[PDB]
Each structure stands twice: as structure tokens, then as C-alpha cells.
Amino acid sequence: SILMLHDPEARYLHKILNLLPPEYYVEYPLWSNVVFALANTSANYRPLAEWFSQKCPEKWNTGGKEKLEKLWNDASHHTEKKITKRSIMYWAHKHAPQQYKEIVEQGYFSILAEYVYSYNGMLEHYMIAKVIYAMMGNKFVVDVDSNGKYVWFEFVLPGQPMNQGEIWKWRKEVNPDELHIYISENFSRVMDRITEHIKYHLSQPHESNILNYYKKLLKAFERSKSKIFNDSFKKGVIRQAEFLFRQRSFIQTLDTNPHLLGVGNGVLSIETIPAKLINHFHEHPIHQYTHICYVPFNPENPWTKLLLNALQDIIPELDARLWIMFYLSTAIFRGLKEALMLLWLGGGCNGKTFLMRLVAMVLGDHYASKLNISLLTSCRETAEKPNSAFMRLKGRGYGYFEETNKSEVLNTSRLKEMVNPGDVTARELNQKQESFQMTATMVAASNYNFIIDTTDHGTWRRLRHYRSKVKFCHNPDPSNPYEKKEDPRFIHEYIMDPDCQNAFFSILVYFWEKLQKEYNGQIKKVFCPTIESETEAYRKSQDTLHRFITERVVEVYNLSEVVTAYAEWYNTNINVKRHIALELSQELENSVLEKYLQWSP
Amino acid sequence: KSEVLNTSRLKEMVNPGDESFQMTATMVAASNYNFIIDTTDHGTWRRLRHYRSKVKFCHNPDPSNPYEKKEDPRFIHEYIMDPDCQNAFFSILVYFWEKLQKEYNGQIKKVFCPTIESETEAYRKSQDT
Ligand SMILES: Nc1ncnc2c1ncn2[C@@H]1O[C@H](COP(=O)(O)OP(=O)(O)NP(=O)(O)O)[C@@H](O)[C@H]1O
Ligand SMILES: [Mg+2]
């Protein structure tokens with residue numbers, strides 16, 4: 001009340017909070033959240049925080065000063081993720097209609113009347129922009145992009161035309177059409193209020209010059225009233241309001257929190273266990289989304305049983321099934337992950353494409369996409385205008401590769417450009433140079449083997465492998481438990497079906513929360529004898545020197561002709577490669593070949 | 001893999017001469033494999049310094065060897081994105097810059113580190129074909 005004279009917006013907030021039909025505050029538990037909203041949002045209101053506490057129906061006034069005792073102690077509070085006054089704006093708006101609305105138009109009319117009175121009934125772009133920003137300031141936001149071009153974002157609400165599944169989220173608009181419709185529809189009511197106010201004053205008894213002044217004002221306002229609908233005037237008003245709606249540091253703070261997923265029925269939160277769905281008002285800056293509705297995991301659903309049976313069919317090994325599901329569970333999380341990546345091959349009709357594609361299109365194009373094999377096949381790095389395919393992983397958490405023409409040797413150098421959870425820079429199509437954040441669960445499956453071509457620690461630790469065990473053929477001959485019939489309905493349909501995708505998403509989130517509760521969070525804790533044994537068998541293979549030791553080494557010599565024997569060991573039987581390893585390769589010289597123990601030239 | 005020096009633009013990079021641009025940066029290279037140098041002239045060998053790391057991190061520390069220690073996954077998986085750790089490291093770096101500024105004048109070819117010269121001379125004894 002000391003600062004009551006200043007900031008009529010304080011009066012506006014007071015009248016807004018006066019329309020709380022039930023006892024909203026109760027006590028500070030379950031309601032301190034709103035208190036924090038006021039505290040953090042109402043910064044300048046350090047004394048008005050205590051003043052509102054005094055006004056709180058269950059507080060110091062009712063002897064409940066201990067309720068705020070845990071609330072004014074953190075006066076500065078060093079605020080974390082912030083609640084906004086728009087949250088306060090939301091209730092007493094969608095909880096107690098009228099009254100609140102009436103004071104809202106009262107404030108609008110006050111501002112517009114002040115502007116009209118000050119400048120003798122002449123209206124320009126900036127005045128309308130101020131009124132509009134004070135009139136719809138909680139639904140639109142403007143921020144300059146990387147290319148130096150401003151963009152418009154609008155919060156979506158139920159009951160209005162929209163694309164499918166973009167509810168409770170922020171949409172990008174090249175032009176705020178709804179803003180034009182609004183300024184051409186709702187603002188005319190305020191202008192009519194101004195006109196009737198002028199008429200009411202005109203009807204009152206006054207001196208002759210007062211009536212002449214009011215007649216001149218009415219004529220000027222009538223002249224200026226039709227300007228609110230002209231195209232150029234509206235465009236200029238939008239251009240002026242552009243500056244008012246600008247909010248610094250918005251685009252770079254969009255879709256940054258990896259614990260929130262944009263789904264078709266709101267936003268999915270995985271901060272706690274169990275994961276909760278926010279299908280109501282919020283304030284998180286979420287723009288990217290997938291069109292998959294989220295439902296709690298339930299095995300009783302027929303599609304869930306069908307999918308579980310399908311996973312059993314594809315992966316006979318229970319431990320391999322569990323490990324694969326746990327690894328795929330990390331696709332939803334868009335944060336930093338352990339440096340793991342696997343491959344798995346097999347014969348035709350194995351079922352790779354079904355599972356990989358289903359995961360890819362259930363995570364959505366925004367969070368997952370298919371990437372070309374040449375992105376890592378090509379060892380040559382791009383200098384200017386890097387790969388736009390290399391830019392497909394921006395924000396994406398999943399990517400799969402199915403393209404191999406016979407055996408292929410990978411770079412083993414650009415792997416750490418994609419496996420290390422660190423940073424890497426890439427320049428987009430004709431816009432600017434930027435940097436990445438390596439957060440993506442990548443997979444690669446196709447026929448034929450992969451040539452690692454190297455024997456080093458690291459890349460070997462940061463890699464896994466698997467092989468198929470079931471084949472589908474139209475001849476399901478008996479005595480072959482690994483041979484099963486085909487279900488072309490699985491690939492041609494059953495994927496475009498939304499219900500199957502929803503069931504798979506439920507299974508995936510259940511597996512993610514299972515990996516969350518047990519094994520802590522790390523993935524290098526689950527025990528899988530099959531996968532580890534297969535990976536160490538792949539370790540034994542592709543290591544030519546080890547096979548040479550195993551079968552050629554029995555029970556001058558200082559690499560003078562040992563290098564020639566090595567270049568004949570594998571570079572003759574198999575075409576030929578440049579074997580530059582020599583005494584320079586002291587690890588090879590001191591490998592198991594050193595069992596001769598001949599350290600003498 | 002092991003890499004061979006090519007004595008191309010090694011002189012250009014080190015040289016402080018002024019498209020064209022200056023090089024007001026500190027350049028360093030490291031690898032797990034020995035480098036190969038073909039040139040012999042004193043022009044390149046008048047500069048450059050070699051060193052060999054001794055301690056190696058192994059989660060299974062073999063006895064009778066102080067070069068085993070252990071792998072700290074928390075040093076890489078985290079402790080890097082921490083603002084506080086970066087602030088402390090920056091403070092240490094500026095403190096060491098001040099240390100180099102107050103003593104030994106400012107030039108770096110004034111502090112005596114006999115280990116580094118001995119190791120560089122030993123390395124130059126190697127690669128002498
Ligand atoms: N559990 C299952 N039971 C029966 N049929 C299935 C099952 N899963 C997939 N199929 C079918 O098996 C066929 C194999 O599909 P697909 O994934 O394209 O084979 P693929 O091995 O992954 N690709 P490719 O290796 O090049 O032949 C499709 O017709 C699927 O509908
Ligand atoms: Mg397939």
C-alpha cells in the first residue's frame with residue numbers, strides 16, 4: 001500500500017487476484033508454487049511480496065506467519081526454471097469468467113482513452129501497438145533468428161483451428177494472421193466503447209466551448225476510426241508491435257530441456273517416475289513435437305500383446321531382447337548419453353527394417369530421421385557448405401543406416417565426430433556456421449560385415465554387434481525353429497496404424513523407466529552374455545595379426561623380413577594392402593609375436 | 001595411426017610473418033603414435049619441442065608401477081559442462097600467465113626445464129636416418 005500510487009498494474013493484479021472464488025491458497029504446500037510464480041515474476045515487488053502475504057487469507061493475518069517463513073527466507077531465491085505471471089493470468093480467467101474480464105476491458109479502455117485524449121482523437125501505429133501488446137501480451141512472442149530475420153510464435157489453445165497434435169505448444173507462423181483478425185475484430189468493440197463514452201459526455205450539460213471541443217473530438221475520432229481496418233495501417237501496426245513483443249534469448253532456449261517431449265496430446269514429462277503428461281496450461285518453451293498420443297503402458301491391450309509377441313519372435317534370446325529394448329529406450333532422451341553404437345546383420349526377410357522403421361516413425365521426424373550411410377562411409381571431411389545430411393542430427397535423438405554394397409570399411413575417424421558426446425561444428429545451407437550437441441542414439445543394420453580396419457582401444461570399447469537368428473520364408477519347413485512364416489501385414493500396414501505406434505511408444509517409455517529405476521542410469525551395467533560374447537567374437541575376428549599368431553606362429557628377425565611375412569600373411573592371400581607397420585609399430589613388435597623374445601637385430 | 005610430417009606449411013605455421021593473415025595462437029599436436037619427420041635442416045629443428053607421457057590410466061592398477069592409476073569416467077562424462085570447474089580452470093590459467101609474466105620476463109625461452117630439452121634431444125637422436 002506504500003507503493004500503491006505507483007504501478008497501476010499492481011492495482012490490476014490486486015483486482016485479478018480478488019476474484020478467487022474458493023480458498024485457493026489453503027496453505028503454502030501445494031500452493032507455494034503460485035507464490036513462487038509471483039515472487040520470481042514480480043521482482044520489483046520485494047515489499048509487495050510480504051504485502052500479498054499479509055493479504056493472503058491464510059497467513060500472518062490468521063496467525064499463519066510460519067507458512068511464509070519458508071517463503072520469504074529465500075527472498076532472492078536465486079530462481080531456477082521460472083514460473084511466469086501468465087500462470088496467474090490463466091486462472092480467474094479459465095476458472096471464474098466475467099468480473100476479471102470486465103476489469104481487463106476496463107484497463108484496455110483506460111489506456112486507449114488516455115491515448116485518445118492526449119493527442120486529440122488521432123490514432124497512429126505505435127498507439128494501437130501498445131494497446132494490443134497490453135491486450136494480448138501472453139500469447140505471442142517475437143525473436144530474431146540466426147539469419148537476422150524476426151519470426152512470430154503463438155501459443156496454441158484448445159478450441160481453435162490447428163494442425164493435428166500441436167496442442168499446448170508453441171507454433172511458428174510466418175505471419176500472425178490471427179493477430180490481424182483480432183485487431184480487426186475485437187478492437188472495434190473498444191473503439192465503440194470510446195465512442196459511446198464520448199457521446200455520454202456530450203449529452204451532459206456543459207459550457208458551449210466544451211460541447212464544441214467534444215464535437216470536434218468526436219469528428220476526429222470518427223475520421224480516424226475507419227483506419228483500423230485499412231491494410232497498410234494494419235501492416236504498419238504489426239511492424240510497430242513487433243518491437244514490443246520481442247523477447248531476447250528465446251530461440252536458443254527452445255526445446256533445450258531433454259526431459260520434455262512434444263507429443264500429440266500435450267507435452268510429455270519424464271523428469272520423475274512415473275512419467276507425467278501435461279495436457280493443460282504450462283510455461284515450458286516447447287515447439288518441436290511428434291504426432292503420437294501417449295497412454296500409460298498396459299499389457300492388457302491387444303496391440304501391446306501383439307507387439308510383445310512380435311519382439312519375442314524377432315529376438316528368441318531373452319537377454320538379448322532385454323538389452324536391445326534397454327538400448328532403444330535411450331532414444332527418447334535427447335541429453336548426453338554413453339558412447340555406444342551397434343550393428344546387426346542377417347539374411348533377407350529377417351525383420352530389421354520393420355523394427356528400425358517403426359522406431360524411427362514412432363519417435364517422429366522432429367526427434368528422429370533416417371541418415372545416409374555415406375555420411376560416415378566418406379572419410380573426407382567437408383570444408384565449405386558441409387553436408388546437409390550431417391545437419392539432420394540437429395536435436396534428433398535417433399538415426400539408422402541400411403545401405404551396404406558388399407563388405408564396406410568405415411572411416412573409424414569420423415566415428416568420434418559422432419560418438420563422442422562432445423561438440424562438433426557444421427554450416428547450414430546458405431545461413432551461417434553453427435555447432436552441434438552430440439545427443440543421438442544411432443544404429444546401423446544391413447547385410448554383409450563391416451571392416452573396422454583398425455586394432456585400437458577405444459572405438460572397440462565404443463561399439464557393439466549382433467547377428468540375426470530368425471528368417472522368414474514362404475516355405476516354413478519344419479525341424480527349423482529359426483524359420484517362421486511371413487506377416488506382410490506387419491510391414492505394409494500395422495505401421496501406418498496409429499494405435500500400434502501408440503502401443504510401441506508406451507512400451508518404449510516403460511522400458512526407459514525400467515532402465516531408470518534399476519541399474520541406476522548407466523547402460524554399461526546390464527548383463528548380456530549373448531551380446532558380450534558375440535562382440536568379443538567380432539573382436540577376435542577382423543584382427544589379422546591375432547589369427548596369424550594363433551595359426552602361423554609356432555614354438556633379420558627385427559622386422560627386416562618380418563614385415564615382408566606380414567605383408568604376405570594377409571596382403572597376398574587377400575588382394576594386397578599397404579602394411580606400413582614396422583619397428584615403428586612397437587606394440588605389434590611386442591605383441592604375442594614377441595613370444596620369441598628376440599630383442600636383438 | 002602413426003603420421004608422417006611433410007615439412008610443408010610447418011614453417012609457415014610457426015613463422016610469425018604477416019589471402020594473408022597473422023597467427024596469434026598457440027599450436028600443439030598430440031597422438032598415441034610416434035610422429036615421423038623427414039627433414040634434417042636446422043631450420044625446423046631450431047624450434048619445436050617433444051615430450052613423452054609416462055603415467056597411463058588403467059582401471060586395473062598393476063602393482064610395482066606408478067603409471068597405472070585408474071580411469072575416472074566422471075572426469076569426461078561430467079566435470080566438463082560444470083561452469084564452476086571451467087571458472088576454476090580459467091582462474092588457474094590466468095594465475096599461471098601472471099606467474100610467467102612477473103618472472104622470466106615474458107619470453108618462454110628463458111625458463112629452464114632440463115627434462116624437456118633432454119627428451120627433445122633424445123627424440124631428435126631418433127628419426128635421424
Ligand atoms: N514377428 C513376425 N512374424 C511374422 N512375420 C514377420 C514378423 N516380423 C516381421 N515379419 C514380416 O517379415 C518380412 C520381413 O520384413 P523386413 O523387415 O522388410 O525384412 P528385413 O530382413 O528387415 N529386410 P531384408 O533383410 O533386406 O530382407 C515382412 O513381410 C514382415 O511383415
Ligand atoms: Mg526389412
# chains A, B, ... in the order shown; residues from 1 in each chain; ligands from 1
>>> residues_around(residues="residue 136 (chain A)", least_positions_apart="3", cutoff="12 Å", atoms="only C-alpha atoms", output="ChimeraX atom specification")
/A:86,89,104-105,108,128-133,139-141,154-155,178-179,182-183,186-187,241,244-245
>>> interface_residues(of="chain A", to="chain B", cutoff="9 Å", atoms="only C-alpha atoms", output="list in words")
residues 336, 337, 338, 421, 454, 584 and 585 of chain A
>>> residues_near_ligand(ligand="ligand 1", cutoff="7 Å", atoms="only C-alpha atoms and all ligand atoms", output="ChimeraX atom specification")
/A:310-311,313-314,346-355,446-447,472,484-492
>>> write_last_selection(atoms="N, CA, C and O atoms", output="mmCIF file, in the first residue's frame")
data_model
loop_
_atom_site.group_PDB
_atom_site.id
_atom_site.type_symbol
_atom_site.label_atom_id
_atom_site.label_comp_id
_atom_site.auth_asym_id
_atom_site.auth_seq_id
_atom_site.Cartn_x
_atom_site.Cartn_y
_atom_site.Cartn_z
ATOM 1 N N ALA A 310 5.588 -60.176 -31.132
ATOM 2 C CA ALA A 310 6.466 -59.902 -32.265
ATOM 3 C C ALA A 310 7.915 -59.746 -31.819
ATOM 4 O O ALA A 310 8.829 -60.273 -32.463
ATOM 5 N N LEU A 311 8.145 -59.021 -30.723
ATOM 6 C CA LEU A 311 9.501 -58.892 -30.193
ATOM 7 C C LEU A 311 10.052 -60.238 -29.743
ATOM 8 O O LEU A 311 11.244 -60.517 -29.919
ATOM 9 N N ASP A 313 9.272 -63.075 -31.128
ATOM 10 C CA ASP A 313 9.569 -63.791 -32.365
ATOM 11 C C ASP A 313 10.878 -63.316 -32.983
ATOM 12 O O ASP A 313 11.706 -64.129 -33.409
ATOM 13 N N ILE A 314 11.081 -61.999 -33.045
ATOM 14 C CA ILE A 314 12.281 -61.463 -33.682
ATOM 15 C C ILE A 314 13.520 -61.794 -32.862
ATOM 16 O O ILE A 314 14.569 -62.149 -33.413
ATOM 17 N N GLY A 346 22.136 -59.919 -41.006
ATOM 18 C CA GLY A 346 21.476 -61.200 -41.177
ATOM 19 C C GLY A 346 21.015 -61.369 -42.606
ATOM 20 O O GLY A 346 21.297 -60.543 -43.481
ATOM 21 N N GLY A 347 20.301 -62.466 -42.833
ATOM 22 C CA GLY A 347 19.748 -62.753 -44.136
ATOM 23 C C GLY A 347 18.508 -61.925 -44.424
ATOM 24 O O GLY A 347 18.021 -61.150 -43.601
ATOM 25 N N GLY A 348 17.990 -62.102 -45.637
ATOM 26 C CA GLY A 348 16.801 -61.383 -46.038
ATOM 27 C C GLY A 348 15.572 -61.823 -45.268
ATOM 28 O O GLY A 348 15.509 -62.916 -44.701
ATOM 29 N N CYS A 349 14.575 -60.936 -45.247
ATOM 30 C CA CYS A 349 13.318 -61.161 -44.533
ATOM 31 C C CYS A 349 13.547 -61.427 -43.050
ATOM 32 O O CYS A 349 12.776 -62.145 -42.411
ATOM 33 N N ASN A 350 14.615 -60.859 -42.489
ATOM 34 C CA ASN A 350 14.899 -61.079 -41.077
ATOM 35 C C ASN A 350 13.985 -60.258 -40.180
ATOM 36 O O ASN A 350 13.612 -60.716 -39.094
ATOM 37 N N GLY A 351 13.611 -59.057 -40.609
ATOM 38 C CA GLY A 351 12.816 -58.165 -39.795
ATOM 39 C C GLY A 351 13.534 -56.932 -39.294
ATOM 40 O O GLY A 351 13.002 -56.244 -38.416
ATOM 41 N N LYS A 352 14.730 -56.636 -39.812
ATOM 42 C CA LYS A 352 15.444 -55.434 -39.394
ATOM 43 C C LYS A 352 14.634 -54.187 -39.716
ATOM 44 O O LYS A 352 14.338 -53.372 -38.831
ATOM 45 N N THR A 353 14.226 -54.055 -40.981
ATOM 46 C CA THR A 353 13.591 -52.827 -41.447
ATOM 47 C C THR A 353 12.322 -52.531 -40.666
ATOM 48 O O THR A 353 12.048 -51.374 -40.340
ATOM 49 N N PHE A 354 11.543 -53.564 -40.339
ATOM 50 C CA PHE A 354 10.309 -53.356 -39.592
ATOM 51 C C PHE A 354 10.578 -52.638 -38.274
ATOM 52 O O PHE A 354 10.007 -51.577 -38.001
ATOM 53 N N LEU A 355 11.489 -53.184 -37.466
ATOM 54 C CA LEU A 355 11.761 -52.607 -36.154
ATOM 55 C C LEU A 355 12.413 -51.234 -36.275
ATOM 56 O O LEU A 355 12.011 -50.282 -35.589
ATOM 57 N N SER A 446 22.252 -53.810 -41.804
ATOM 58 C CA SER A 446 22.153 -54.193 -43.207
ATOM 59 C C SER A 446 22.976 -55.462 -43.386
ATOM 60 O O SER A 446 23.672 -55.906 -42.468
ATOM 61 N N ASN A 447 22.894 -56.039 -44.581
ATOM 62 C CA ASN A 447 23.601 -57.277 -44.862
ATOM 63 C C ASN A 447 25.109 -57.041 -44.932
ATOM 64 O O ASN A 447 25.586 -55.904 -45.004
ATOM 65 N N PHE A 472 12.402 -65.381 -42.148
ATOM 66 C CA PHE A 472 11.035 -65.561 -42.617
ATOM 67 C C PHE A 472 11.054 -65.960 -44.086
ATOM 68 O O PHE A 472 11.636 -65.259 -44.918
ATOM 69 N N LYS A 484 10.225 -69.150 -39.803
ATOM 70 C CA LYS A 484 8.848 -68.809 -39.476
ATOM 71 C C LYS A 484 8.164 -68.203 -40.693
ATOM 72 O O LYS A 484 8.815 -67.780 -41.652
ATOM 73 N N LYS A 485 6.836 -68.169 -40.640
ATOM 74 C CA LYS A 485 6.045 -67.619 -41.730
ATOM 75 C C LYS A 485 6.150 -66.097 -41.761
ATOM 76 O O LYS A 485 6.593 -65.455 -40.804
ATOM 77 N N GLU A 486 5.734 -65.520 -42.883
ATOM 78 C CA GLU A 486 5.738 -64.075 -43.045
ATOM 79 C C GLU A 486 4.398 -63.476 -42.643
ATOM 80 O O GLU A 486 3.346 -64.113 -42.730
ATOM 81 N N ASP A 487 4.454 -62.226 -42.200
ATOM 82 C CA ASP A 487 3.273 -61.403 -41.958
ATOM 83 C C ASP A 487 3.480 -60.100 -42.714
ATOM 84 O O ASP A 487 3.923 -59.097 -42.137
ATOM 85 N N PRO A 488 3.179 -60.079 -44.014
ATOM 86 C CA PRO A 488 3.322 -58.831 -44.778
ATOM 87 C C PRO A 488 2.452 -57.714 -44.243
ATOM 88 O O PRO A 488 2.712 -56.540 -44.540
ATOM 89 N N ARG A 489 1.416 -58.049 -43.472
ATOM 90 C CA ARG A 489 0.634 -57.039 -42.778
ATOM 91 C C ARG A 489 1.467 -56.266 -41.764
ATOM 92 O O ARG A 489 1.087 -55.152 -41.400
ATOM 93 N N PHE A 490 2.575 -56.837 -41.283
ATOM 94 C CA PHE A 490 3.436 -56.107 -40.355
ATOM 95 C C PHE A 490 4.150 -54.949 -41.041
ATOM 96 O O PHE A 490 4.325 -53.881 -40.442
ATOM 97 N N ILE A 491 4.586 -55.139 -42.283
ATOM 98 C CA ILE A 491 5.387 -54.121 -42.957
ATOM 99 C C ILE A 491 4.527 -53.202 -43.818
ATOM 100 O O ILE A 491 4.706 -51.982 -43.796
ATOM 101 N N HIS A 492 3.585 -53.755 -44.585
ATOM 102 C CA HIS A 492 2.791 -52.920 -45.481
ATOM 103 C C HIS A 492 1.761 -52.107 -44.707
ATOM 104 O O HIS A 492 1.482 -50.954 -45.054
#
>>> select_by_dssp(residues="region 170-327 of chain A", states="helix (DSSP H, G or I)", output="PyMOL selection string")
chain A and resi 177-185+187-203+208-229+231-245+251-253+302-314+318-327
>>> select_by_dssp(residues="region 218-451 of chain A", states="strand (DSSP E)", output="PyMOL selection string")
chain A and resi 260-263+266-269+276-278+342-345+398-401+408-409+425-427+433-435+441-444+450-451
>>> residues_around(residues="residue 524 (chain A)", least_positions_apart="3", cutoff="10 Å", atoms="only C-alpha atoms", output="PyMOL selection string")
chain A and resi 338+340+519+521+527
>>> write_last_selection(atoms="N, CA, C and O atoms", output="mmCIF file, in the first residue's frame")
data_model
loop_
_atom_site.group_PDB
_atom_site.id
_atom_site.type_symbol
_atom_site.label_atom_id
_atom_site.label_comp_id
_atom_site.auth_asym_id
_atom_site.auth_seq_id
_atom_site.Cartn_x
_atom_site.Cartn_y
_atom_site.Cartn_z
ATOM 1 N N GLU A 338 25.883 -42.349 -23.093
ATOM 2 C CA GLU A 338 27.129 -43.096 -23.154
ATOM 3 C C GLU A 338 27.514 -43.372 -24.603
ATOM 4 O O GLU A 338 26.661 -43.512 -25.483
ATOM 5 N N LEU A 340 27.997 -45.387 -27.075
ATOM 6 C CA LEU A 340 27.685 -46.719 -27.572
ATOM 7 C C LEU A 340 26.974 -46.615 -28.912
ATOM 8 O O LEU A 340 26.271 -45.640 -29.187
ATOM 9 N N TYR A 519 19.530 -50.538 -12.331
ATOM 10 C CA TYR A 519 20.807 -50.276 -12.996
ATOM 11 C C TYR A 519 21.169 -48.796 -12.986
ATOM 12 O O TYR A 519 21.939 -48.340 -13.838
ATOM 13 N N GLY A 521 21.295 -45.335 -14.002
ATOM 14 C CA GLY A 521 21.017 -44.770 -15.307
ATOM 15 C C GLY A 521 21.960 -45.274 -16.378
ATOM 16 O O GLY A 521 21.640 -45.235 -17.570
ATOM 17 N N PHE A 527 23.673 -57.046 -17.700
ATOM 18 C CA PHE A 527 24.439 -58.229 -18.063
ATOM 19 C C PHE A 527 23.771 -58.939 -19.232
ATOM 20 O O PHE A 527 22.601 -59.327 -19.141
#
>>> closest_residue(among="A:287, A:219, A:366, A:414", to="residue 392 (chain A)", atoms="only C-alpha atoms")
A:366
